[PDB]
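Values in this text are rule-based calculations from the coordinates and carry no lab data. Every residue, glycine among them, receives a Cβ derived from its backbone with ideal geometry; neighbour counts consider all protein chains shown.
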Amino acid sequence: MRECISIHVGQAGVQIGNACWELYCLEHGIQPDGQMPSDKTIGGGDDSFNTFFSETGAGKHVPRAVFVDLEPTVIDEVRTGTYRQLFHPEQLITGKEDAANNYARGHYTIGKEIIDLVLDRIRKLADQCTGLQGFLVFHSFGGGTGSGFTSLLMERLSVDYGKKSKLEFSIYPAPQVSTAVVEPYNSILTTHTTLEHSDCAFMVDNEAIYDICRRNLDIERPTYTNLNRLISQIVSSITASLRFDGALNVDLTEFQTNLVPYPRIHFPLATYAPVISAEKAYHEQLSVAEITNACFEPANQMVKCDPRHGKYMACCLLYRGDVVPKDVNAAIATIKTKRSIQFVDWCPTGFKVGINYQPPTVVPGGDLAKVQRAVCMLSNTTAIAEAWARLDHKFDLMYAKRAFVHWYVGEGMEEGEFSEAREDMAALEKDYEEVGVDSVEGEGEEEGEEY
Amino acid sequence: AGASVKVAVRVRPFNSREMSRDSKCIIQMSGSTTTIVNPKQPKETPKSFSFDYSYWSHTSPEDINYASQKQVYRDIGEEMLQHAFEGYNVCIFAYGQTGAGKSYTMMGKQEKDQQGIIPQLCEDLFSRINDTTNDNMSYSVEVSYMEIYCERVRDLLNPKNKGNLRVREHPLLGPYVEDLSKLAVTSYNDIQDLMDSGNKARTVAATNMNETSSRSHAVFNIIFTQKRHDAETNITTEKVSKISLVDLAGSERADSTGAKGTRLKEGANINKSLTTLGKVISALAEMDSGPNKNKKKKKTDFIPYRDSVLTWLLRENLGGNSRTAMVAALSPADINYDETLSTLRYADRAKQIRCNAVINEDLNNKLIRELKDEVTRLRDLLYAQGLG
Amino acid sequence: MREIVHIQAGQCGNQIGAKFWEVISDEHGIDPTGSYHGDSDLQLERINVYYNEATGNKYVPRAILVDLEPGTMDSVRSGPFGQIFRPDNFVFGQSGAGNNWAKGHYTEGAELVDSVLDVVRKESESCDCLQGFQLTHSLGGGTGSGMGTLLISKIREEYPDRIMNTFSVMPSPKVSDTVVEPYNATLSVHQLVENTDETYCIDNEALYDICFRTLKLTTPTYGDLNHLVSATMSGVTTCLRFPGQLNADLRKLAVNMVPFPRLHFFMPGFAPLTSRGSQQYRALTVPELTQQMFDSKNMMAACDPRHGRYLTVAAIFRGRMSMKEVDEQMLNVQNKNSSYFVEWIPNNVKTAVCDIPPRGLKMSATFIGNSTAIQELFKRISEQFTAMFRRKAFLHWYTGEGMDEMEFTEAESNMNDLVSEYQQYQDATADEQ
Ligand SMILES: CC(=O)O[C@H]1C(=O)[C@@]2(C)[C@H]([C@H](OC(=O)c3ccccc3)[C@]3(O)C[C@H](OC(=O)[C@H](O)[C@@H](NC(=O)c4ccccc4)c4ccccc4)C(C)=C1C3(C)C)[C@]1(OC(C)=O)CO[C@@H]1C[C@@H]2O
Ligand SMILES: Nc1nc2c(ncn2[C@@H]2O[C@H](COP(=O)(O)OP(=O)(O)OP(=O)(O)O)[C@@H](O)[C@H]2O)c(=O)[nH]1
Ligand SMILES: Nc1ncnc2c1ncn2[C@@H]1O[C@H](COP(=O)(O)OP(=O)(O)NP(=O)(O)O)[C@@H](O)[C@H]1O
Ligand SMILES: Nc1nc2c(ncn2[C@@H]2O[C@H](COP(=O)(O)OP(=O)(O)O)[C@@H](O)[C@H]2O)c(=O)[nH]1
Ligand SMILES: [Mg+2]
């Protein structure tokens, strides 16, 4: 019983959760109403897996989800939408104003009086669960409730549960594109919480997803639906190990063991190789070598950073479909023979491999092509610091003149929090710079035999 | 002329509760640098700051580098009284969270051997005058005392119904408050009595830290005026200056005090006022910098004075040909560590000078290095002289 | 559940409010009798934002109509949507202020303010979660400006933590319907700069220019001006009522657009705007909306943004659209006009998209801009003010009601200080020697 709890916070998290739960319902054959005609037609089975859905006596299946947001509108859409019967009636909506792109408002002022109700349901689910594997928290940087409320919730979860893995999926501000003025303040402020309490944080950038949609998928005008579907496919590939059989199955604990050399460098990038339209699905082989090579291309990265400017600390490939270990071994060797891909000398192995038989599913009305093979790559590298550096720059340009600070300090914070957050981020960047340094130049003291 | 800032940070001894408890000190200070260690992170690397004055009143019977009350007075208050006698405004800001030492700094104790800034200032003011009192030198001193709570002004001395007073801007005399009680004083005893009566009326609240905490900035204005009789038939006012003594409330965090409703509103207003004031004082010091650096720039810029009523009323004292000082209180107890750090972050303002790296080599390693260097030097001397 | 209380003071405020309520009733499909005769289900999903429910499935707007002259009240009640309003909310007196701010604020309004605040408090106590207020009025007039500022001060005293919005019509350079516009506008700005979270800045000049050069109306009237103001007033709060991909509350706009407390004067704008016969010659796309939004002539404040720099801007789009197009177009606007945007803000374009367009359009957009060029407007008033105050041109009427010259000096000084906090953050920075 490999059971995980999916928490969604903020508008971005809620829409991502909508896309993800559509994908899981399609994968497991559960209809929107919540029932399962597959078991009735066949006679029975384990397809109503405990990993995401809990079964009741009437044959209904409810997701192990906790949707949270301060705006009534975003989830009032869900209550009146197609999947109204899928979820529990409780949806944890504050009938009040939003956090207003204010970390202080979402953390100190309005985040209270809801954190209790939220934590109580996060229990009624954990107690119902047995052999809990971990939490998957979806949110976005730069938002009020997406920064403050997530910080408070992660703090309380660390206090209460502690040892359970807490994977984080989040959207970072882009270098050029933005949809709010105070994004750097919120993003820098929440850095302490996502550094201290989260066990592994997967980060995505909207500009990279837009570029992938434009180039690979030939979608000239993407919207949030396509990006959410891509992120949903990523999460499905991540969690497919603990649902379906496979030659090599990778649990969350093995992700933490392999992708986290030290506690404070738990910020890996992600990517999906066979992002390709139906028209371009032909004229291509989509072999294991091709997808493995495509995973490492700088253009296909989901965060606007260049891996060639840094060194790879660790990599983890999760293959789905008709894959046999000879081709993944050959592809790994081929990648190791390339010069552009630099690895840290202190990680000679440098690869984790997992294979699963279940191929990816296609969402009706989607844009991804049906394929026989796929791979999702996670990559802990030192290039991410570059992105952080850009963000840091923006913060100074807004903190030299104390602009937009009276809104934050009027809800409970002081300038000391800003200074502490900036210093913590600088320390994290320094650690990333240090760990990427080569090992001590061969300490060849040239001792001649006995001292 | 402009207006410079004298930043002084002082550390107090333990109290009965701290002495009875086995808490450790966390603030080291030397020269013009103050270092703080995290009790929870024994290896967090110490954090340093640097100010204009660094006062070690931690050890009461100390005789070496002890920050006596009279020493601090000679550093700040004597110079400010001299500047006031010259006919220019002088402002003294007090800062510190409850349990830090602000009240001691601004009032002192009753034995009169360790006096606060105000008692010494009043005594020297009355003395200097009683001496200069000739035939052509008339002097007048008046006192007012007000509070600022939630950006509304209130009179402390008057026992009338404590309503909100209006703030006006006289075209020549600048900002002022209407219907503010103004009284003349004759000796330091009258000033102390008026201060006690006003302080009994201050808005005080109970928090998770202490049952009595200040919820509102306060301003005790001393107005001093000199009339001269030259070798003529006319007696003319020479100059008028003001000695402003303010009790800025301390900053806080909602985590430290989780009270809802009125307490959160008061904390938000206090934080807004303190942020604005910090902006004004640092910006006013920016003038010094720029000016001295080049030699002329003209452009008066625009120093934000209207962003808060506290900075608006203190406009005349803060700006122009005047002087300002800032005394911050520090608590030595380990348990209050973060709060002390916060005060340091507030004490780092008004200049933000560079404290540089702070670290000391191990004494054993220092001895090893010195011994190795000495051995090398002596061996080189012996080999050069041919005796080794 | 967010919801707003609406107030309208003076003749201009009442006219714009009547047009605004007509527009909102059409948007939500509310009959003049108060019944609902719409089609879409989403219209009732957030009807409480502007209306209260009655017994017979009737919806009463949350309006509070105030004025010292009963003629405007009679005109409003004898109109297309006169019967929609609650009769008890028609608070009014007699013996109008007479284009005298002193009468509106100190002598005549001081008596009606008690009843007005009583009705406001009654409407506020029944609220589920009160977000903020909206006051429509004109500054250059009499009872409007005075009573509006007095009500603003009183409500901010009573409700400090609620958002405040004001849609003010100021004097203009050439068109000027009243002699004593400078004094009234100066005192009104003195109150507004202290007691308001957001102020929207409109004048008759820019509306006339929009009507003549863009809409090509031969004989525009006040109905069209109020129509444009209603369009932007609906666009500003569109996100409170209908769902969208990226929502924008009023507080979100306040946080993003107000870098410092005193700089909260905004220049509005609306797109698209076409002159009937030209409608078939244009393609409605996101680049076209952005181009018309950032066009200088489309601004409603009669201040050229090219004579200054944008501290912040906000784009509230409505309709089905692609987020990539919006982000790319705003980034292109920021990059191309690099010298017209303040440089110490890395990105100064707030964006939000609602999926429900207006009733008769496939797409629409509302532009808001906080820029330095607005100073110019204040400077103009200041000049006229001193031109009338040096000789005390029309001061005896004001002093007869109990005011003094020191208040005028205070107001002039406050406006002068505001003009500076806008230049400081303008002219590109530089080095010295
Ligand atoms: C039928 C058609 O395609 O023609 C259009 C039209 O020609 C144009 C020119 C319309 C037209 O507007 C004007 O001519 C006009 C004149 C003076 C002042 C303001 C507008 C139109 O009248 C206006 C009308 O607009 C609406 O229906 C909107 O929903 C609008 N409605 C009202 O304001 C309204 C009017 C009366 C009673 C109740 C509501 C709206 C806009 C924003 C928010 C809510 C509602 C439309 C579709 C048209 C005509 C009919 C010609 C425009 O209308 C707006 C501002 O939406 C003016 O530029 C736009 C763009 C349109 O292309
Ligand atoms: N990929 C993706 N990003 C989204 C989506 N919706 C919002 N975002 C991102 O969210 C950021 C804005 O912060 P949000 O998290 O949406 O703010 P919020 O969740 O509404 O919380 P509040 O700001 O307090 O109301 C933007 O930069 C968007 O890029 C979405 O549907 N898909
Ligand atoms: N230099 C010093 N020597 C001895 N005791 C000191 C010294 N400085 C401060 N104190 C002690 O500090 C206490 C009074 O100050 P304290 O009450 O801590 O400040 P506070 O009033 O709580 N802060 P605030 O309320 O914001 O003004 C007394 O116990 C004094 O003995
Ligand atoms: N947009 C618009 N402005 C108006 C209208 N009527 C008057 N005004 C403006 O309002 C100003 C006069 O203010 P007024 O309404 O008389 O103030 P009041 O008498 O106190 O209510 C003039 O300068 C006009 O420009 C109108 O119907 N529409
Ligand atoms: Mg939100």
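Out of region C:317-365, which residues are in contact (Cβ under 8 Å) with a residue 24 or more places away in the chain, among the hydrophobic types (A, V, I, L, M, F, W, C), under 22 Å from residue A:403 (Cβ atoms) and outside any loop (DSSP other than H, G, I, E, B)?
The answer is C:330, C:333, C:341, C:349, C:352.
When you go through A:238, A:265 one by one, which is the residue that is away from every other protein chain (no Cβ under 13 Å), among the aliphatic types (A, V, I, L, M) and part of a loop (DSSP other than H, G, I, E, B)?
None of the other options fit; the residue is A:265.
Go through (1) within 29 Å of residue C:142 (Cα to Cα); (2) away from ligand 1 (no atom under 14 Å from the Cβ) for residue C:24 and report which single condition fails.
(2)
Restricted to region C:41-68, and to residues that are part of a loop (DSSP other than H, G, I, E, B) and surrounded by 21 or more Cβ atoms within 10 Å (Cβ to Cβ), which residue is farthest from the other protein chains (Cβ to nearest Cβ)?
C:68
Could you list, in sequence order, the residues of region C:261-298 that are out of contact with any strand residue (DSSP E or B) (no Cβ under 9 Å at 6 or more places or on another chain) and either within 16 Å of ligand 5 (Cβ to nearest atom) or within 14 Å of chain A (Cβ to nearest Cβ) (or both)?
Within region C:261-298, C:261, C:262, C:287 meet the criteria.
Quick one: residue A:103 ticks every box in (1) touching a residue at least 40 places away in the same chain (Cβ under 8 Å); (2) farther than 26 Å from residue C:351 by Cβ; (3) surrounded by 14 or more Cβ atoms within 10 Å (Cβ to Cβ) bar one, so which box is it?
Against the list (1) touching a residue at least 40 places away in the same chain (Cβ under 8 Å); (2) farther than 26 Å from residue C:351 by Cβ; (3) surrounded by 14 or more Cβ atoms within 10 Å (Cβ to Cβ), residue A:103 comes up short only on (2).
From the list A:159, A:177, exactly one residue is within 14 Å of chain C (Cβ to nearest Cβ) and hydrophobic (A, V, I, L, M, F, W, C). Which is it?
Exactly one of A:159, A:177 is within 14 Å of chain C (Cβ to nearest Cβ) and hydrophobic (A, V, I, L, M, F, W, C), namely A:177.
Look through C:145, C:126 and report the one residue that is of a type in the set (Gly, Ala, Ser) and buried (at least 17 other Cβ atoms within 10 Å of the Cβ).
Sole residue among the options that is of a type in the set (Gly, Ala, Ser) and buried (at least 17 other Cβ atoms within 10 Å of the Cβ): C:145.
Name the residue, out of A:34, A:44, that is in contact with a strand residue (DSSP E or B) (Cβ under 9 Å, 6 or more places away or on another chain), away from chain C (no Cβ under 14 Å) and farther than 26 Å from residue A:164 by Cα.
Of the residues listed, the single one that is in contact with a strand residue (DSSP E or B) (Cβ under 9 Å, 6 or more places away or on another chain), away from chain C (no Cβ under 14 Å) and farther than 26 Å from residue A:164 by Cα is A:34.
Among the residues of region B:288-298, is any crowded, with 22+ Cβ neighbours inside 10 Å, more than 14 Å from chain C (Cβ to nearest Cβ) and touching a residue at least 40 places away in the same chain (Cβ under 8 Å)?
no
Here's the yes/no breakdown for (1) in contact with a helix residue (DSSP H, G or I) (Cβ under 9 Å, 6 or more places away or on another chain); (2) facing chain C (nearest Cβ under 9 Å); (3) free of Cβ contacts under 8 Å to residues at least 60 places away in the same chain:
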position: B:257; (1), (2), (3): yes, no, yes
position: B:263; (1), (2), (3): no, no, yes
position: B:272; (1), (2), (3): yes, yes, yes
position: B:281; (1), (2), (3): yes, no, no
position: B:306; (1), (2), (3): yes, yes, yes
position: B:310; (1), (2), (3): yes, no, no
position: B:314; (1), (2), (3): yes, no, no
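Would you confirm whether or not region A:406-428 contains a residue that is free of Cβ contacts under 8 Å to residues at least 12 places away in the same chain, loosely packed, with under 14 Cβ neighbours inside 10 Å, at negative phi and not small (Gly, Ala, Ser)?
yes
Does any residue of region A:379-390 turn out to be within 14 Å of chain B (Cβ to nearest Cβ) and buried (at least 17 other Cβ atoms within 10 Å of the Cβ)?
For region A:379-390, residues within 14 Å of chain B (Cβ to nearest Cβ) and buried (at least 17 other Cβ atoms within 10 Å of the Cβ): absent.
Looking at A:116, A:127, which is the one that is closer than 30 Å to residue B:268 by Cβ, more than 11 Å from chain C (Cβ to nearest Cβ) and not in a loop (DSSP other than H, G, I, E, B)?
Only one candidate qualifies: A:116.
Would you check if there is a residue in region A:318-330 being over 27 Å from residue A:201 (Cα atoms), within 14 Å of chain B (Cβ to nearest Cβ) and not charged (D, E, K, R)?
no
Taking residue C:403 as the residue in question, decide whether it is under 30 Å from residue C:42 (Cα atoms) and surrounded by 18 or more Cβ atoms within 10 Å (Cβ to Cβ).
No.
Can you tell me which condition residue C:262 does not meet? The list is (1) assigned to a loop (DSSP other than H, G, I, E, B); (2) within 9 Å of ligand 1 (Cβ to nearest atom), and all the others hold.
Answer for residue C:262: the failing condition is (2).
Given the criterion away from chain A (no Cβ under 14 Å), closer than 17 Å to residue B:325 by Cβ and more than 16 Å from ligand 5 (Cβ to nearest atom), identify the matching residue among B:123, B:78, B:111.
Answer to the selection: B:78.
Go through (1) more than 16 Å from ligand 5 (Cβ to nearest atom); (2) in contact with a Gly (Cβ under 9 Å, 6 or more places away or on another chain); (3) within 14 Å of chain A (Cβ to nearest Cβ) for residue C:1 and report which single condition fails.
Unmet condition: (1).
Regarding residue A:51, is this residue within 14 Å of chain C (Cβ to nearest Cβ) and either in contact (Cβ under 8 Å) with a residue 24 or more places away in the chain or of a type outside the set (A, V, I, L, M) (or both)?
So residue A:51 fails the test.
In this structure, is residue C:58 at negative phi and within 14 Å of ligand 1 (Cβ to nearest atom)?
Judged against the criteria, residue C:58 is not a match.
Find the helices (runs of 4 or more DSSP H) located wholly in region C:196-247 whose residues include 3 or more that are out of contact with any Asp or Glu (no Cβ under 9 Å at 6 or more places or on another chain), away from chain A (no Cβ under 14 Å) and within 14 Å of ligand 1 (Cβ to nearest atom), and list them.
In region C:196-247, the matching helices (runs of 4 or more DSSP H) lie at C:204-209, C:222-236.
Restricting the search to region A:391-425, which residues are among the small types (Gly, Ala, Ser) and within 8 Å of chain B (Cβ to nearest Cβ)?
Within region A:391-425, A:410, A:412, A:416, A:419 meet the criteria.
Scanning for something part of a helix (DSSP H, G or I) and hydroxyl-bearing (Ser, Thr, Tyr), does region A:332-354 turn up at least one residue?
Yes, that holds for at least one residue.
Could you pull out the residue among A:106, A:111 that is within 12 Å of ligand 5 (Cβ to nearest atom), of a type outside the set (A, V, I, L, M) and more than 10 Å from chain C (Cβ to nearest Cβ)?
Step by step, each of A:106, A:111 is checked, and only A:106 is within 12 Å of ligand 5 (Cβ to nearest atom), of a type outside the set (A, V, I, L, M) and more than 10 Å from chain C (Cβ to nearest Cβ).
Any residue at all in region C:4-14 that is touching a residue at least 12 places away in the same chain (Cβ under 8 Å), within 14 Å of chain A (Cβ to nearest Cβ) and of a type in the set (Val, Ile, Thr)?
yes
Consider residue A:71 against the criteria (1) within 17 Å of residue A:186 (Cα to Cα); (2) within 12 Å of chain C (Cβ to nearest Cβ): it satisfies all of them except one. Which criterion is unmet?
(1)
Might you check whether a residue that is in a loop (DSSP other than H, G, I, E, B), away from ligand 4 (no atom under 16 Å from the Cβ) and either basic (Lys, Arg) or touching a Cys at 6+ places or on another chain (Cβ under 8 Å) (or both) occurs anywhere in region B:76-96?
Checked against the condition, which is being in a loop (DSSP other than H, G, I, E, B), away from ligand 4 (no atom under 16 Å from the Cβ) and either basic (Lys, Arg) or touching a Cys at 6+ places or on another chain (Cβ under 8 Å) (or both), region B:76-96 yields no hits at all.
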